[PDB]
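J.: Quick one, what's the 3D model for this:
(2 chains)
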Amino acid sequence: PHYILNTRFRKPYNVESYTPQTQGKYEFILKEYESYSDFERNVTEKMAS
Amino acid sequence: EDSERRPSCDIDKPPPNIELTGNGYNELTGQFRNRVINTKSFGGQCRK
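T.: Numbers count the residues shown, from 1 in each chain, chains lettered A, B, ... in the order given. Shown next is the protein structure:
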């Protein structure tokens, strides 16, 4: 007899053991980045004679 | 063919995954190993 999730299974002659394992790990890496830059140059010159 | 004593006395299932309990253990690697102790035995003594 072999039981997996309330279901009766068969172990063949070549397989030693087939056991469901939980083994769960997930990683989630999010990146956010912004850069701003501004430049302004007003120049005015007047001459009268 | 003529199975006497009503084998297993109509008991259907063992614990869910006792095969994992039969599996070995490794300490320095943190990973489990193969089945060593046959926990699926019954000895004839049906423990309901």
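
J.: neighbours around the residue in chain B that chain A sits nearest to, how many?
T.: Evaluated by CB to the nearest CB, chain B has residue B:35 as its residue closest to chain A, separated by 4.3 Å. C-beta coordinates here come from the backbone N, C-alpha and C atoms, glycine included. A count of neighbours around residue B:35, defined by other CB atoms under 10 Å in any protein chain shown, yields 18.

J.: likewise residue B:38?
T.: Residue B:38: 8 neighbours (other CB under 10 Å).

J.: who's in contact with it?
T.: With contact set as CB atoms under 8 Å, 6 or more residues apart in numbering or on different chains, residue B:38 has these partners: residue B:22.

J.: beta partners of the residue of chain B closest to chain A?
T.: Beta-bridge pairing for residue B:35 (DSSP bridges): residue B:23.

J.: I figured it was touching residue B:24, is that so?
T.: Yes: look at residue B:35 against residue B:24 with CB atoms under 8 Å: they come within range, at 7.5 Å.

J.: and residue A:17, how far is that from residue A:39?
T.: Between residue A:17 and residue A:39 the computed distance is 69 Å (CB to CB, to the nearest Å).
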